[PDB]
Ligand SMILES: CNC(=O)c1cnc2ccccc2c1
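First comes one chain, alone, set out as C-alpha cells in the form solved without the ligand.
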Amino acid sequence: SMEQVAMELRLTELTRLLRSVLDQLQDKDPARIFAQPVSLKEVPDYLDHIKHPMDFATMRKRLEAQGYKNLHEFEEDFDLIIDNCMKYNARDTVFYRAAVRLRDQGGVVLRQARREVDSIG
C-alpha cells in the first residue's frame, strides 16, 4: 500500500536524522571510551553488575537496521551508555567523569533533535 510506503519513508528520514545525532554525540567522546562494548574477556564480572550494556557501535548497528522507531528509543540507549558507566565506575575515575561530560554535552544535541523530530513530524 501507499500508506505503508509513506510510513517507511518516515522511518528512513528519522534514521537519517538519528545518524547525524549519533555522529554529533560520538564527537563528544574523542577518547572513544564509549565506542565499543565492554569486553567480557577484560571485565569478566561486568554482566554481574550491568544488566543492559550499551555502546556507540551497538547503537549504530541498530540504527542501520532502522531499529529506532522514535527518538525516545534512541535516547534510552544513549542514557544506558552514560548510566551504566556512572554505576560501574567510581566518581574519581576518568570513566565516570567522561560519562558526565558526555551527558552534559549530549543534552545540547538532543534538545535540538527533539525540536527537529517534532517540527518535521
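The first residue of the sequence shown is number 1, and the count goes up from there.
For the stretches 30-38 and 62-70, which has the higher mean C-alpha B-factor as given in the deposited record? Of 62-70 and 30-38, the stretch with the higher C-alpha B-factor average is 62-70.
Highest mean C-alpha temperature factor of the two stretches 43-51 and 75-83, which is it? The stretch with the larger average C-alpha B-factor is 43-51.
Report the third (lowest, middle or highest) to which the CA temperature factor of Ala99 belongs, ranking only the modelled residues of the same chain. CA B-factor rank for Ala99: lowest third.
Sort the modelled residues of this chain by their C-alpha B factor and say whether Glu8 lands in the lowest, middle or highest third. Its C-alpha B-factor, which the entry lists for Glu8, ranks in the middle third among residues of this chain.
The next section is about a form of this same protein that is not shown, the form deposited with the ligand bound.
Do heavy atoms from each of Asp104, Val108 and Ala113 fall within 4.5 Å of the ligand in the deposited bound form? No, the candidate spot makes no contact with the ligand.
Please identify the residue among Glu64, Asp92, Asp27, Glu42 with any heavy atom within 4.5 Å of the ligand in the deposited bound form. Looking at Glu64, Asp92, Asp27, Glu42 one by one, just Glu42 meets the 4.5 Å heavy-atom criterion.
Evaluate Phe56 for contact with the ligand in the deposited bound form, applying a 4.5 angstroms cut-off between non-hydrogen atoms, and reply yes or no. Because no heavy atom of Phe56 falls inside 4.5 Å of the ligand in the deposited bound form, the answer is no.
Looking at the partner-bound form in the deposited bound form, is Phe78 within 4.5 Å of the ligand by any heavy atom? Result no; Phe78 lies far from the ligand in the deposited bound form.
Distance check, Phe34 to the ligand in the deposited bound form, heavy atom within 4.5 Å: It does: once the ligand is placed as it appears in the deposited bound form, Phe34 has a heavy atom within 4.5 Å of it.
In the deposited bound form, does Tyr68 come within 4.5 Å of the ligand, counting heavy atoms only? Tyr68: no contact with the ligand in the deposited bound form.
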